[PDB]
Every structure is written in structure tokens, then in C-alpha cells.
Amino acid sequence: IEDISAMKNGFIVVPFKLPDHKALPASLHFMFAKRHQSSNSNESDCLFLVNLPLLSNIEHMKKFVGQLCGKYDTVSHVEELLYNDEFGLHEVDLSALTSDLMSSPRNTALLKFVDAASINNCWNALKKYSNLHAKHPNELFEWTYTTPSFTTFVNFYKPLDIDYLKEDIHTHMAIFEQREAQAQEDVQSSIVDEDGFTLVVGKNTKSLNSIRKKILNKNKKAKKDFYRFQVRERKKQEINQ
Amino acid sequence: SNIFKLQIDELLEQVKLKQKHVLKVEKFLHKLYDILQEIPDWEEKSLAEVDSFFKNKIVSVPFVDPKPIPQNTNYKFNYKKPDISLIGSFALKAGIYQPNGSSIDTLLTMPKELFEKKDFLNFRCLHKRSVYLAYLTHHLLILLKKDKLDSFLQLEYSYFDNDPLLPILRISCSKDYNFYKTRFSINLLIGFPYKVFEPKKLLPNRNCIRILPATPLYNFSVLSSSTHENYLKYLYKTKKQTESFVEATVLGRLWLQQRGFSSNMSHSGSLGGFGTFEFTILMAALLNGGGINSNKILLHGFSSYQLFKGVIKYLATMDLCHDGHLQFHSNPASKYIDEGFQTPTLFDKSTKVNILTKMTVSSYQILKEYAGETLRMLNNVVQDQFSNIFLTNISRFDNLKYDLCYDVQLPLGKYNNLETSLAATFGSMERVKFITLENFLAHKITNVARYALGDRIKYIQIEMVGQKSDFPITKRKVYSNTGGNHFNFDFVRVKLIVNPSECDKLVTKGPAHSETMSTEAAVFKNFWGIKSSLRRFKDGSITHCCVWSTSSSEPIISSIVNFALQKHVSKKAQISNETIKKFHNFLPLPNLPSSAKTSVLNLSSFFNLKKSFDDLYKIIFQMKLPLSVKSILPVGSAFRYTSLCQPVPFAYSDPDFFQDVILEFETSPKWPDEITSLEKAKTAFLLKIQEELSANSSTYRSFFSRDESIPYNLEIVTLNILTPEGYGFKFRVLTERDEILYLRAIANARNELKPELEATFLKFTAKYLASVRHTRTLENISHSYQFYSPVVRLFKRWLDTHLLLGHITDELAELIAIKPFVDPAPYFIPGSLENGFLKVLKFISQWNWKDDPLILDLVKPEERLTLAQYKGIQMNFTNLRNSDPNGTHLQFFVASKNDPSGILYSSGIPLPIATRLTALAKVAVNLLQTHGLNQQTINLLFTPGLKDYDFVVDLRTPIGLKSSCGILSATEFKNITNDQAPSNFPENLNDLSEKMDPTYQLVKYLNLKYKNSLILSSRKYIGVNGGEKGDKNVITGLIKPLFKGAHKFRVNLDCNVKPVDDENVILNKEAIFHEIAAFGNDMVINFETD
Amino acid sequence: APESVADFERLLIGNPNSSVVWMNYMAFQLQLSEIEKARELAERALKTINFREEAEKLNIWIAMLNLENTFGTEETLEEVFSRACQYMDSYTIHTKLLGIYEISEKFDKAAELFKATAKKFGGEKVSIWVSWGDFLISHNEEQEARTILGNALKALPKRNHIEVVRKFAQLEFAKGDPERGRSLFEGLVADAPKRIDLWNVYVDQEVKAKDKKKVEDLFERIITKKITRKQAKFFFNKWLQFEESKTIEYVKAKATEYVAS
Amino acid sequence: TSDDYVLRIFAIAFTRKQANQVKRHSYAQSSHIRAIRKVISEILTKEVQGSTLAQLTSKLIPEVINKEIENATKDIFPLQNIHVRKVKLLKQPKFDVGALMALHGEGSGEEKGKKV
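These protein sequences, in sequence, are chains RF, RE, RD and SC.
If you count by the deposited numbering, then the first sequence holds residues 3 to 27, 32 to 110, 120 to 234, 251 to 272, one letter each, in order.
If you count by the deposited numbering, then the second sequence holds residues 100 to 274, 282 to 317, 326 to 445, 453 to 983, 1010 to 1237, one letter each, in order.
If you count by the deposited numbering, then the third sequence holds residues 1457 to 1701, 1706 to 1721, one letter each, in order.
Per the deposited numbering, residue 129 is the first one in the fourth sequence, and the count goes up by one each step.
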């Protein structure tokens, strides 16, 4: 069937078309949808979509919502897809794991908008879009294909442009040595505690975070003789056995 | 010696039924010898009437060659009541259960009044024996047919020990009284009385048969037929001496029948010669003698393992053939003498026969070597191999035992057609030195083989396939026409194990040149003749030698044995081999100057690559850096000689082109803290060295490359140097801060990403730290194990055709291939591509996962892992996979000295791929053991084996990549690829992608995208298996057993969905294949389902 | 039917994420009564599951706390409790440990560890107040469940005060004293009667607590309080349907009077 | 080494007169001497045992364990010029003709014309 239009737990089905294949004549690329939010400003008025296509980035979303604003004439301005980790490359962050700079879901795409009435308009438009996709697969809203996959990720296999990574290492070292030096002098002169105390720092240590995590990671000679009661106990043990 | 005694008792307990199944067959022989006691006798007869007396019946008479003409008939025959002796093996009760069955020794001895003082000549005593067996077996079949038990029991003629001098009676059965459930035969023999004569007409150093050459098999056969009761008396007195003899002989029986050393003969062209009863006899002589001072060698007080290791040590390091043998007397010391008889020999001074004379010098050589290596593998204490010493049928598959095999298909014809068919001698002078045509032919083949090859072969063996000792009653011989000849072999198989060091030396330096032509120079001239020459070598000496035009599709030993048989045995004996020629060029033929004419042990492509690397090495040292290079060292596959194709210059499209060299700088403290900034500083240093390289040395070139194998840091950048010699190198900077940065990350990370980050650290120390030690150890070992580089090349080819290289890595394949090279426990160190490759396949079919950790100690022959480290590896294994149930992700466990963790190279591959490898090895070994080794068998093994599982997607890049991959396709026109291999790096560098192939990166990104729901395998070396044009690749792959039927959807089921039911969705195959095709519209052409 | 451990091993190898049959095989080892071997299979499940599946990990923590509540010693219970709080989300595994406690019917130490958990983290989470107040009002500790409000108004700020006394009022309307709950809620009535959802759930709680004259007084004072054009028809679609499912035309008059003046 | 060669490998070291010094002495305290000798034996034991003999020559020629000693040992004392000055082989593994030919380049001695 294609006549299904809304899932069990509120998910809205939004399928897509397929191009011309040299061995197939189709035109379905399924996808779910959900409105949601969290407390932070990166995830305001946002939409879950589960089963993202292979490399459907921001530009692909622009073309899709441009076709949508051609069809239903709604309000739609997309900016970014948080948690675009469909490969398996950016789950952990080593830099935030062992550094000071830039301190601190599954296969989804969380896409936020510019207005709550915009996500309301797009969500109700999307429900009607799911219904028309259920009824007819020919009069359907569709997202085209100019393929940044073809521009970037088929031809990996490439010399890197020297001016690009040279200005990148220049800018990254320029901000990194600055923040490292200011953290070093900040831990080297951090004398005042609010109650009288002076923090022992050690020589040439570079960070308050470093000594903090070190002190988190870092978490007698009695005699058997020479006392009267102990030599009484010893001679009592010798008397007994 | 705490677990080995328990292993000995369990090996006994493998067969301990010597009471139940022995009683019925012994009452069968009780009835038999009662019938033999009541056989009525006969008086003297004539040959010229017993010939018609057997002509008119159906039973006929056998004969030693030839039948007696009545001109020489002056012997007086008899048919008496024989004293019957139920002796030997099951008299000692040394039971073994065999599919072909043991046999009780039972002898009809000869009465004293049908022999005389001259029973040692002209085989009329053996003719008497033939006619006496003929009438006694006719009498016994008559008595069986009147007693009416013919329907289950039957009787056959057979040779004793496959020897035509003594035909014997094979009493067997068939399908209330039918015997079918134990050893399927007994053997009735006929023998001569004991006190006959004295050793001067009884030694193998006499002759009285007409032309004094030696009569070795003659006076061995008749003397063992006459005087073999002191053996039994001595056997039972040693039985009364100690009790370990029966366990000792079943130990030796299992040993020698897994070695294939049955009691037939080696003189007949068969493996064997040595026998288990000869092992018992030599052991019983070694419990009193064997020393230089005629010492007690084995005390009769200790248990079976000590005397077993004693007799193995004595026939391992002390010589019996060449320099020394042991004389002895059963009825008083036994003396080791230092002179040799130039035969496998031990002497008797109370019997005066030589008990080892059933074998030749070649079989004694291979037995002494087997004894030496089994002494070596029993002496070692760090690891026990009782299951490798007594639980391996190395004789079930014969080509596993020997390095290479050839066939001699010769239609020689008739016994009188000898002269024009074969170029060897003919007469009674040779027919008294030997026995028959095949006997002196096999001896001639041994002599011409060892003089044709010299010390280019370790050991030589020869057998006659198509031999049939089971000749019927009514026929006077095995009178079989075995495909061109009237002799008992279909063809003649010659097997060699070869010395792999000088196995392919293209000249064979014979004797030196002088004015007085010496006898060995005359021998060499008459032996080679038209292809001998005398040359000066570069030092200045002059030597007779023979040049050999070497080749890649053959070893030169093929052409040498071809010419040295077609000059000596027959000028029409066709040598047929095709297995070597079939998967000796399954290695890709590297498009080099004359590389088809070069050998396969040549490594000159690797050495040319290392010469270009030394040029780059000097250039990268003598420049100047702000923190100079401490140590630059290669780690690559060409540097460890295990690249699939040999690296030809300018070959872009091979994925094993860019070898990786690493460089470590000085230990400076000014490295930054976190991983992105130190990796960015590594990019800064690489940018500096490529800037100065393009500044000062314009003949090289450089281009950068992102890396992605070390995960969660996208900023790891290598550079790649394109050198003017034609090779490319991938430079990786290592720092001292790296592994402590990763340990910092491991320590401070959250408590649920710990095994994930440990997998990242595993990939890091597999690529950077320990891979240096890995390539050092195997590059050092690949000079004493010579065939290691071709067997790794062949194994990588075979695994690429069977579609595993996408998941599996190189280091598993390399340690798998180095396992039979360093652990020869059932076999030898492999000296041929065939023997090595099927050794690897046999091992990984044998390979368990739950109770077979793969421990290696990478060391040259004659350091290792110590005992405490071996116990530590075992403890690591047992706690590792008792915490692990059955390997949900940790399938293979491969430990060495370089890595005691074991999981360093195997972590990551999926259970479907690992199970596919093990099941495919099982398929290959049963296919080889039943369908037989053949060229069509080898090609059907090296079929791709799609075994269609849920999809096959067929690729097409627009260029057949043989030209840019650098392998000629066995094209007969060398020029058409000499002008086609683009021997110049391109000016623009953004064309490298479209002259390369992207299919491995596509299948890798697709596998890590859909890693939970379907796995994807591919081919990656497209030139070696992508067709003759070299343009084809597939993307095959299994769907998970979870995702077979539909599954209810949630927020985290992690799959492309086809929602048709409102809850239970399925993966939309058309959508996933169509996004694959959208990813590869320029790449894929075809899709096949099912 | 799965009755053999080889078949259970086959099922867990066929799917490793499914903590339902993971815990079922560990409970099969409980059916053969092996608590230590069940803990071995437990840590095997911990090392084998894909750690991203937090809900099935939560069901594994149900299994851990069930094992160390019903069979093991309480020192091993606090051991696996400590490793749980250092592995996964501490507040949720705290409140489901309390849920397993109230199912297993232990109270004496449970109230003292209620106090301990309120000292640790109770000042900014509300399910602890839910479980503690409901446990006390059901187990007849009305005075203790009234003096919990002192520590509630102590630890919680003004942002959460309205919600903690609202859920206090809900619990003491359902299984407590409605005059106590009304004494709690009329302060917020005087604070902000403009708030509409609290008023609607308050008249709903009085409907389900079945006080006829008090729900009459609430539904005849709501329109006298501040009411806008949505709130009027919203509370009338509550009120007419509550009285349907004479005093109907008496409010039908005002429902069309207030749309004019 | 990683092969079966064993080396009595030596190392010599000298005290640096530190810059801006005044005193003529520059003596080591002889409990720094045990520390310097311990760290120098440890690090050159590591530099041998993580290498083969050809690699040991190719890392001894451009004089880099000297600078490695100076970098890893400048923390304790200033340490003027470091050298190794002696490598004595005491036991050799075997011949391995193929390995020795691999250290140079391959070669196959073949025909010269008979003409007689």
C-alpha cells in the first residue's frame, strides 16, 4: 500500500522520488517527521525526521522547502540540521574530551526554523502532503537533486588545496596559542581564594582544568615491641601456646 | 609430564576394545586351524601333470616371474601337513581398529622333508611355494564349499608386503554367522623351516643365480620366510621384561599409519617400507643395545613414553644407513658399528638377515627426518602438541605431505617390448640385483632424480598409482592392462619436498674442469650430454654446468625432471602437471621488463621500490626542519613483501600503491596539548617539508590527503610523494604525545563510551605503534621462509575473489599465512606455492574459535615466547572469551610476541564474514579430498562463489584498469601494453581519482552507514579479478537475521523503511539499491536480485 | 519453546540489543536459581549491548535492581547501585529503584532513603516528591506528608513552588484531605487567578473527587473571575458536558449573556 | 636486537658548563650520575630493542640517539656533547644468505660462453 498517511506514534510519512536508473524504471524514499523542542536555542521549534536519505544536507532541504513553498505557498526558511551524524563520524568529540577549547539521538535529523508559526504552517502542510502522497504518487510534492554527493563525496581521492589548509593552520594556531597562553598565565596567577587561601599551582603547569582533573584522578610504622601491654600480650601468647 | 600421561591413557582409550570383538574371529581361526590340522596330505608330483591338474579346474597357480619351463625341472614337490603357527600381532594382543582392518600373523611352516641343502637359488623353492599355496587354497575352498558357509566368507590371493616373491591368502568376508564388524581380513602365509644354513650363502653379499652381484630382496625374502621365530621368542621375553610394549607398539602404529608408513615396500614404488613390526623389533633390540659401548640404551623399568622417545631419538640422530648401523643377535651385547652398508640396515648375528631391507635409502631419509622433527616437537616444553603428533592424518591428503607432485604417463607395453620402449638395461644381471621391471624402474627413477637435482630437493619419494595387489584366484598374476602397459601401475607419481633456498637457481654447477677428465666429469657428460657445457664464472674458475631458461609460470625443476627423464627412462614418457601451472600464475603477472621470464622468488620490484625509498630517505634527512626528523621508517606492504601485485612504477590504480612510511620527530616538550592541535601541527610540519621539497628537488612531487581510518579526528592529514622513479609514498607523522593523549581521552571520558574509545585506540595502535614491530618481524622472517611472499600474494588473491578484503585486513591474512610456516607440527616448512597455499587452507578449515587461540612465535628455524608469557597469553585468551560467550564481535584471536593482546588485528570484522571464511575453508578442503586435485578443481575453487545472497550490484568504471594497474593480462603482444602503461605522472593532479577506482571508498562509507542492518562486501583489487579487460566489480552483501521479516518501527531501529503496515515496517530494497545507484550512476551498471 | 540455554544463546546472538529476552534468559538462570551466574550473564549483557540503546539499558537496570532487591545482599545492592549511578542517569535510576521498592513492599529503610535522596538531589526534581508524598498519604502518614511541605518550600524556588504544591494538592484530593488541598490551592488562587490550566485541572480534580456543592461554587465563580473569549467556551464545554454526563438553562442564559456584556 | 645479534653498545657523555655560570667547576653530584646513567641505559636499550641491525646502523649514522639522549636528559643536567663511540657485536644469529643479499640487492650468477 501507499495509502497510509500517518504512523502510530505521531510520525508523518514523507516519501520522495528516485532518478533514472540504468536497471529500474519506484519513486519512493520514505522518511518520518515530528514536531518537538527542548530548552536550548539550538533546538527551538524543531522537527525530527527519521530515515534521512544519503547526504540530504542543508541545500537539499532548501530545494525541498522551495518546492513546498511553490506548492502550498507556506512560510519556510531552513537553517541547519543538528545531529547530522548519519555516517558514524562525530559521535564522540576528542577535542572536548581532552581539551579546554570548545568544552562539552540516533541517525535522525533535527531541523529548526525561524518561527513557531512557520513550523506550524509547515507541519500542517506536511500532514496534507502526507495525505496527498497517500492518495496519489503522481501529483506529489518532490525534492530535486543537484547532488553535493557528486560534488564532494565520490571523488575523495583529491589533492587538498594548499592555500586552504595553510590559512586553516594559520588561523587555528593563531587562536589556539592565544587561548593556551591566557589559560597558562591565568593558572600561574590565581592567588586569591574568596577565604584567604592561596592555590598551590606547581611550576610550568598550564591549566586550572589540568590540575583539577589531576586532583580528581588522584583519589603507619607501629612497633611490635617496646610497650608494656604489648610485651605482656606477647609473653601471654608464649605462655598459652 | 603431568598431562601427557593422561593424554597417553586417553589415546589408549580411543581404542580399548580388545576383548569383545576378538573372540568371534579367533574362534573363526580356531575352526580354520582345526580344518588345517585335518587337511589330508599328498606325496611327490610332477610339474608336467600338476599343470593340467590345475588347468582342468577353475583355480590356477601364481608364479614368480617366470613360469618354470620343464627343461630345468629337477625339484621334487610335496604337499604336506603344515605345522600352523598363530603368532605375531594379535597373539601379542596389540589391537587397533582400522577401516581396512588389522591382521593376525598366521604361518603354515614348512615340514623338514621337502627342502634340501640348496634351497637358495633359481626360485624353484618359491615355485614350490606357489603351487603348494595353489593346492592348499583349492583344498580349502573345496572344504568351505562342502561345509556351506561360502555366502558370507570369501578368499583372495594377495602378495605379502606387496612383493611378488610371496603370494599369500587374504581371508575376508562380505555382507547368523556373517562377520562384518571388526578387522576385515586375516592373512595366511607360508614359510620355511628355521635351521637351514649359514650366512655365507644367506647374506645379501652373495650370488648363485645365473648371470656375483647382490641378491638383496631374494635372500631377504627367503630368510625372513625361514628364520622368524627367534623374533617372537625375543618379543615375548621383552614382554616378560617390561609391560610397556603393547602400548608402545600401538603408539608406533598410530604414528606410522598417520605418517602412511605401512608394511608394503618402498622398493616397489610405494610409500612405506618401514613397518610397525620392524618398529617393535628395533625397539626390542634398543632395550638392550644401541650404545657405542654396546650399552643398555632403554632400561626395561620405565614407562612407554620414555622408551618411545628413546627409539625416536635413536632413529632420529644416530645413523643406520650411511655412517654406522647396529648389529645384534637374538640368541651377549648388541654392537653399534661405525661403517655403513649403504642401505637402511641393522644386522643380526643369530639370524643373519637385514630387517630394514624392505625400505630404501629415500624412505630411510624421510623417516630419519620425520623422527628428528618429531623429537624436536616432543622435546619442547613451552607448548604441548600431542594432538599434533598423534591426531593428524597427513597421509589422507598426499599433496599436503609433499611440496610438489609430477606424473609419469608411460605406455611402455610388454615385458618383451622393453628395449625400444625404455632406455635402461635388461638382463639376468639386473634381474638378480632387483626383482621386476617396476622395481628396477623405481630404483632407476630414484637414482636419476637425485643425480638430476642434487641438493635442490630436500627429499624424494616415488610411488606407482594404479597398483593392485588384490589379484584373483584364477589369474596367475595381476594381469592388468594399465593404460599402455601390462604392468601394475596406471601411472608413476614422483613427489618431492624441495630445499626452497636454491630451489630456483638457474644454473647447476657440476664438477670443476681440469685437463685430466675425472670420473665425475665423465658421469656429468654422459648424464646431461647435449645441454651440458663448461663455463667460466665471474671469479675465474671453470665448471661444467647447465643453464636453465627460468620462467614465471613454472619452476625450473619441472623442465629439469622433464629432460632428465626423457633422456633416461623413456623418450616417450610424458610428464603431466597442470596444478602448478594453473595457480602459479594466479599471482598477477607484474608488467616489468622480462617478468614473465623471471622466477617467482625474485623480489627485484620490491628492491627497486626500496631503492627509490632510500633516495627519498636521504633527501628527507639532509634538509633542515625546526624540529628535525628523529627516525623515518617504512611500514608498508611492499616493504614487508606482501603486496598483491608486485609494485611496478607509475601504477596509480592499485590500492596497495601508496605505501605508508612514518616519521617520528625529536622528543620535544613543546608539542601542544589536545589532539586536534597536535594533528594540526603535524599538518604544519608536513606542509613545511613539502614546501622545501618543491623548493629544492623539483623532480619529486607532493600532494596532501585527508585520512579517515583513525576515527573521530577528521583533520589527520598525510602527504603523498610521487617520486620520479615511479612510486608513491604516504607519510604519517608520529609523536610521543599521541598514545598518552589517547590514554588521557580514555581516562577522562564518560563511562559508557569506554569500549568505543578503546576501539579507537585499538585502531590507532594498530596503525601507528605496533605495526612497526609487525613489519620488522615479518620482514626479517621472509628471508628464512622463502615462499611466504608468494603464499601471502596467493591468499590475498583468493580471498579477494571470495570477497572478504573489504572487511578483513592484511595482518590477519599475514599471520594466517605465517602459521604453517612457523608451526610445521604435522608437516614441513612449505617450499612450494601449492603446498603452502593448501597448508593455509587446511589449517583455517581445522581452525576452531572457542578453543584454538592462534599463538605465534615469529622466529627463524633452530627468540621465542617464554613459558610465563605463554601462560599469560593463555590466561588472556581464557578470561577474554569466557567473559565473551562465543564471539559476538571478537571472532578471531591472533597473538604474537609483537602483540600480547591478540585482538589487535581482528577487532572489527563481522560474524557473517568470519563464518563465511571458515565455512568456505571447510568447503574447499572436502572438495579437495573428494573431487581430487585437478586444474578444473583449482579453477572451480577459484570461482568467485557469489552464492547469491540478497543482491549483486555490478560496477563499471569507464577504463579497464590493467594498464594503469600494471599487470599484463597474459597478452602475447608486450608492446601493446608497453605503450599503454602511462609511465609518467600526470601534470595536473586532480585526474588521479578518475584514473583510480572509488569502489572501495564507496563500499566502506556504505558499510559504515548501514552497519547495523546489512553488511556489504566487494572486490578492491580490480585488475586481478575484474575480468581479462579488468573492469568489473561487485557489491555483494548479507541482510541481518533480525531484518529478514518485518519489524515494528521505533525511533531507533536504524534502517531505511518501507511503511506498508502502520507499525511493522520493512527495509525498502528498491530505495536502498536506488540510492546506491544514485551514488554510482557513473559506476554501477547492473543490479541482480536473489 | 525456549527451554534450553543453547536456544537462549542462539536468540541473544540473533539479536543482542533486545533486553527483554536478555533479562528473560537471566530470569531463566533465576528459574534454575543461579544468582552469581545471573550476575555474570548480566555483566556479559552490559559489555555486549550497543550502549546507544538507553531504553534497553534502562530495562537492564530494572533487571539489576530486581536481582539485588529480591535475591542478593543489600551490600551488593548498594554496590550495583553505585556502579549504576556512575554509569547512567542517576535521577531516573533513583526513582525507578524507589518504584521497585514500593512494588517489593519495603517501607522502613525506604522513608530514610527518601530523606537521603531529597538531601542529595530532591531540591530540583519532582518525581521524588510525587513518590514520597503518594507513599505517605497511602500508608497513612498524613502529618509527615504535610510536614514534607516545609522542606518542599525550603528546597524548591518560586519557579517550582506552584507545581510542587499543585501536585501536593492533586495527591491530597485523590487519596488525602480535600480541605487540606483546597487550603494549599487558594493561596495560588489569590496569587494568580488568570492562570487557566491550573483552574481547569482544579475543577477536574474536584469533579473526580465528587464534591457537588464545591464544584458548583467553582464553576459559578470561574466566569466571575477573569475570563476571555476562548476561556468562556472552554469552561462551558467542560461544564455543560460535566453536568450532562434544573441547573442547565441557568448557565445557558449566562453563556449567551456574556458574549454581549 | 630484534634479530639475534647482541651488542655491548656504549655511550659517553660530558657535563656542559651552563650559560651565565660563574663557578669553574660544573661537577655532577654523583647522585645525578646514577640518574643520568639509568635514563641513558634505559633509552638506548629501548632504541636497540625496537630495531633491527640495519635499522640500528641507519639510525646511528645521522647521529640521532645522541640528540635523543640530550633531549630526554636535559631536564636533569645540561650535558655537553653526547656520543656512543662503540658498538661491539658479541653473538651473531646465522648466515641467512638471502637476508644478506636483501641488504644490498639481488643477483643471479649465470652463463659465460664455453667456446670449446
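Ideal placement from N, C-alpha and C gives every residue a C-beta, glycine not left out.
Residue i versus the options, residue with shortest Cα-Cα distance
i                   : options                                           : result
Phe-742 of chain RE : RE:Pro-768, RE:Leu-784 and RE:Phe-728             : RE:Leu-784
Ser-201 of chain RE : RE:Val-124, RE:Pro-776 and RE:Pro-982             : RE:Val-124
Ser-483 of chain RE : RE:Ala-563, RE:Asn-409 and RE:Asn-1215            : RE:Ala-563
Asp-777 of chain RE : RE:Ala-938, RE:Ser-716, RE:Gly-849 and RE:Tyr-738 : RE:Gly-849
Between the CA atoms of residue j and residue i - distance to the nearest angstrom
i                       : j                    : result
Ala-25 of chain RF      : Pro-1105 of chain RE : 18 angstroms
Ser-335 of chain RE     : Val-163 of chain RE  : 12 angstroms
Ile-1162 of chain RE    : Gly-927 of chain RE  : 10 angstroms
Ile-976 of chain RE     : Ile-740 of chain RE  : 41 angstroms
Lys-104 of chain RE     : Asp-973 of chain RE  : 22 angstroms
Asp-794 of chain RE     : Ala-805 of chain RE  : 16 angstroms
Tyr-78 of chain RF      : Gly-12 of chain RF   : 22 angstroms
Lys-143 of chain RF     : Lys-1694 of chain RD : 30 angstroms
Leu-231 of chain SC     : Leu-899 of chain RE  : 15 angstroms
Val-56 of chain RF      : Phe-1226 of chain RE : 20 angstroms
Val-364 of chain RE     : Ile-195 of chain RE  : 7 angstroms
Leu-959 of chain RE     : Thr-700 of chain RE  : 12 angstroms
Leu-1064 of chain RE    : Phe-964 of chain RE  : 12 angstroms
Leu-915 of chain RE     : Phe-707 of chain RE  : 7 angstroms
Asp-1647 of chain RD    : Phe-1624 of chain RD : 17 angstroms
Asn-1473 of chain RD    : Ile-1505 of chain RD : 6 angstroms
residue 280 of chain RF : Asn-869 of chain RE  : The displayed coordinates of chain RF run from 3 to 272. Any statement about residue 280 of chain RF would go beyond what the structure contains.
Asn-1525 of chain RD    : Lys-1562 of chain RD : 10 angstroms
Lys-1714 of chain RD    : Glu-1635 of chain RD : 29 angstroms
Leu-933 of chain RE     : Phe-727 of chain RE  : 22 angstroms
Same chain, Cβ closer than 6 angstroms to residue i, five either side skipped, listed in chain order
i                    : result
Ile-1219 of chain RE : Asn-1203
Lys-1176 of chain RE : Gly-1107
CB contact below 8 angstroms: residue i versus chain SC
i                   : result
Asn-723 of chain RE : yes
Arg-853 of chain RE : no
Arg-577 of chain RE : no
Opposing strand residues paired with residue i [DSSP bridges]
i                   : result
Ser-159 of chain SC : Partner(s): none; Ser-159 of chain SC has no beta bridge.
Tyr-527 of chain RE : RE:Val-615
Chain RE within 8 angstroms of residue i, Cβ atoms only
i                    : result
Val-215 of chain SC  : no
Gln-1485 of chain RD : no
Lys-1575 of chain RD : no
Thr-1504 of chain RD : yes
Test: residue i CB closer than 8 angstroms to a CB of chain RD
i                    : result
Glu-873 of chain RE  : yes
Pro-1188 of chain RE : yes
Beta-carbon contacts of residue i that lie in its chain and below 8 angstroms, excluding the five residues immediately before and after
i                    : result
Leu-1037 of chain RE : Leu-1027, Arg-1028, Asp-1031, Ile-1050, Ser-1053 and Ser-1054
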